[PDB]
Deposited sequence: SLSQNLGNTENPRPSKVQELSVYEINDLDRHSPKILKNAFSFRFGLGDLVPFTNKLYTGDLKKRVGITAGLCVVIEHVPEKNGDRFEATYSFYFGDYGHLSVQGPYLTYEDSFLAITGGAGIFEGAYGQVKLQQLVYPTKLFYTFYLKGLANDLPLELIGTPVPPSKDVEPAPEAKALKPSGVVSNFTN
């Protein structure tokens, strides 16, 4: 069965990220190691971080954007993590492959929808998760805030209050 799981990835520019390694405008040769903050779909709790690498594939002169090939993980503190591989395109939504998971996400497979909001500041993901041993914990599956350019994490989540973080949230 498909378990849907949405999360917000938010870049506050306090994590040295994205650290552009310029070897190539974005072109092949450009490497972008990155790590952003990760929040629940309902924006109430900090869950952890994203962490991995974007490989610039090319600039697209046409759509004033770039195409990346991405390999990264989404960390949910004590819950574990999900891993993905796929396209990140600055100019449209994309689906990435779910390569696997750990913790509650052990056995994870399927695909994930990546949704553009602010560039490169806010992203909204919806994981179409199969293969989990159990139903997702309730604190991770609150009704997601519908994505827009203005939606924001709860103050307690930004501030890192016990009420706005999951157990041993990834920092």
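Numbering the deposited sequence from 1, one finds several regions with no C-alpha coordinates, namely 1 to 15, 40 to 42.
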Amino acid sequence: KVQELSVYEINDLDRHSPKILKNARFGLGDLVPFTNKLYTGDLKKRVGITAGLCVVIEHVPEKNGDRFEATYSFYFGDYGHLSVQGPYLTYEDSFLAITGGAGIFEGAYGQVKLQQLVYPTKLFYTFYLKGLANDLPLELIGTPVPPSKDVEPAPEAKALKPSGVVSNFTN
From here on, numbers count along this sequence of modelled residues.
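In this entry, 117 to 125 shows the higher mean Cα temperature factor of the pair 66 to 74 and 117 to 125. Mean C-alpha B-factor is higher over 57 to 65 than over the other stretch, the pair under comparison being 57 to 65 and 139 to 147. In the PDB entry, a CA B factor belonging to the highest third of its chain's modelled residues is recorded for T90. When the CA B factors of the chain's modelled residues are split into thirds, the value for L28 lands in the highest one.
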